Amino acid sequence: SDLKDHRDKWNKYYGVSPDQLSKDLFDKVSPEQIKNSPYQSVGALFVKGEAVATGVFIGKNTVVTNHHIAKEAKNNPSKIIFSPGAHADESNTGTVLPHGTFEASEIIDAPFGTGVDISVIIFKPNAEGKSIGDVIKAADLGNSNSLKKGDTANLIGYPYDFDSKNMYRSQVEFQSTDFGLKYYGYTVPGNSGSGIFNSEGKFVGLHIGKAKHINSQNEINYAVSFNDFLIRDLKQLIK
């Protein structure tokens, strides 16, 4: 059955302890790798007192994350802090913030309406007058429609529940790509807002969380899928 198939695919990511997953399925991003694309567009988001998540920098002071995260700031931008390329020091004692932190200027909660789980956050330049785009490169946006069932891609973000400091790459395999993206892969709640990057390094969707799949007792990952309308809006925003 479809259930047996689903359980076998899900068991590949959830049937062993996560510290036992092979590096091909789930791997810590090293400080060397974090300096390159596509890793370098990704950062940790902290909503003071409310939530942890991942954000992806798209240009021109602008970061995307999920609406389910950003709304918890209640339109109070000073509560949202982003640190691009945050990682643990060699001892796991502290988080190294290679580019420091940025504090939000403006939150736009539901720019694509309430049915699309993405928010746009505009950040203040830091104390040096430096924008995010002055220290890292923007993600390279692309459409979701080149993805299909059975394709693999890379989910990149901060799986806080597993490791509170480091960025990780989770391999994902698509189950379907019409009802947004649905896929198998190892994720935890912190991964809210993780980028989905295709084999060419394009940013082609935004991880949300887990949705019911097949019936009420089973689930799968799902993401915001980037269509032509959404892509065009974000390109005009960063012009």
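Residues carry their position along the shown sequence, with the first being 1.
* Asked: Of 26-34 and 177-185, which one has the bigger average CA B-factor?
  -> The stretch with the larger average C-alpha B-factor is 177-185.
* Would 142-150 or 107-115 have the larger average of its C-alpha temperature factors, as given in the entry? -> Result: 142-150.
* Sorting the chain's CA B-factors, does residue 136 end up in the lowest, middle or highest third? -> Ranked within chain, residue 136 CA B lands in the middle tercile.
* To do: Using the B-factor values recorded in the entry, state whether the Cα atom of residue 19 falls in the lowest, middle or highest third among the modelled residues of its chain.
  => Lowest third, going by the recorded CA B-factors of the chain.
* Sort the modelled residues of this chain by their C-alpha B factor and say whether residue 128 lands in the lowest, middle or highest third. => Within its chain, residue 128 is a highest-third residue by C-alpha B-factor, going by the deposited values.
* Of the three thirds of its chain by CA temperature factor, lowest, middle or highest, which one includes residue 166? -> Lowest third.
* To do: Rank-wise, by C-alpha B-factor, drop residue 41 into the lowest, middle or highest third of its chain.
  => CA B-factor rank for residue 41: middle third.
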